[PDB]
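So this first bit is one chain, no partners, the form deposited in one PDB entry, shown in structure tokens.
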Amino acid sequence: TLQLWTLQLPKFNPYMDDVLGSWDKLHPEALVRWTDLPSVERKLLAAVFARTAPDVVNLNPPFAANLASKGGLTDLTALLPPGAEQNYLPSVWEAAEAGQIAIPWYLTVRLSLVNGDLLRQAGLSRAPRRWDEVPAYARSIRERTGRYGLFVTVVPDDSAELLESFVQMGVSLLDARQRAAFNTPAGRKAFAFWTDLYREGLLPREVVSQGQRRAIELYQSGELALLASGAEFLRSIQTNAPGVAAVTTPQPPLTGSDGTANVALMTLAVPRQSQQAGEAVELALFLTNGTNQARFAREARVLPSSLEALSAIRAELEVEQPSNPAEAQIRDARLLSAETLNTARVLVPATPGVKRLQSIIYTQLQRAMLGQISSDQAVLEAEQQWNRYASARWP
């Protein structure tokens, strides 16, 4: 039997129950036992210590790089059928220094869910689309409505949107040698950007202590004018808070002057300890073929990495006839995500130790937002702490 490990998937039990069921009908010799987890490295280490490593593991570019730098992922090129990469988007297939360590699965382009009713209360007609327009926008929301314009968490190991904003703001995080590269005019400007927003009462005070689940809660309460989220969460807004969804419009995500948006890549990898690597590759290919990826794109309102499924999903969206405004809203969001994908890139560099770097930056930025140190003081402390870590790991 094979053990499949997926990341943060309750709402998608029926999808998994059918596709894995189909797999079990096709491959009775390698039945799948599925476990979904949130905190992934601790559980992989325990299974590998017991010499019971899973066969297919769901990863993202940052975590996949930490594992592959240590020789833990199978080079799939040896086992992949010839012309298997032809079935995937080339930009996302090549998004995996240790060879081909992962097969692309699905991906998400997050949009700006804008509360249009809060905008009219603030005397605004639309939400900003670039970060240098965020302060003026946030002030108008804060003073005329009392609500908050946006919510970006600085809890060290929560969402990476803050670190992604650094990249969108032109900040260079690491050089070749893995040394700190953000003590630059861009990095100091980015640190001051977030410090000044918090100190001026423009951000919710709990951004230093709560993650995107609080942002979700604030938007559904009508207390957040812009929520960085995808199409799938829009349907739960429709059910949980119809008053807010009725005045919600999907909008392009916030970017920097370069325009690039972020895309969250989900992949499937085969640990080197796996004793059924060939069957594991077959399972990863089955989960990511045209039919299964298209079906998951519909049920999850997500974008696939399969060319066949991506074109099929784009085609269904262009000719979909929604029966009510709710379905039309969901169609508008999914279509905007599919259109944004042509300009979106992966922004957190798929390098080892990026979560250590995120934690150091978020911690120092947090000290500056609370007024315990200056912004430049946070930059220096972050730079020196990262170089402490980087000299020990990569001398």
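We call the rigid core the largest set of C-alpha positions that still match within 1.5 Å between the two forms. Numbers follow the displayed sequence, beginning with 1.
Form deposited in another entry: not shown, discussed below.
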query	finding
Single mover in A294, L124, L80, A300, with Cα shift of 2 Å or more between this form and the one not shown when the core is superposed	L80
Core-aligned CA displacement of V167 at least 2 Å between this form and the one not shown	no
Core-aligned C-alpha movement of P352 between this form and the one not shown, 2 Å or more	no
Core-aligned C-alpha movement of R272 between this form and the one not shown, 2 Å or more	yes
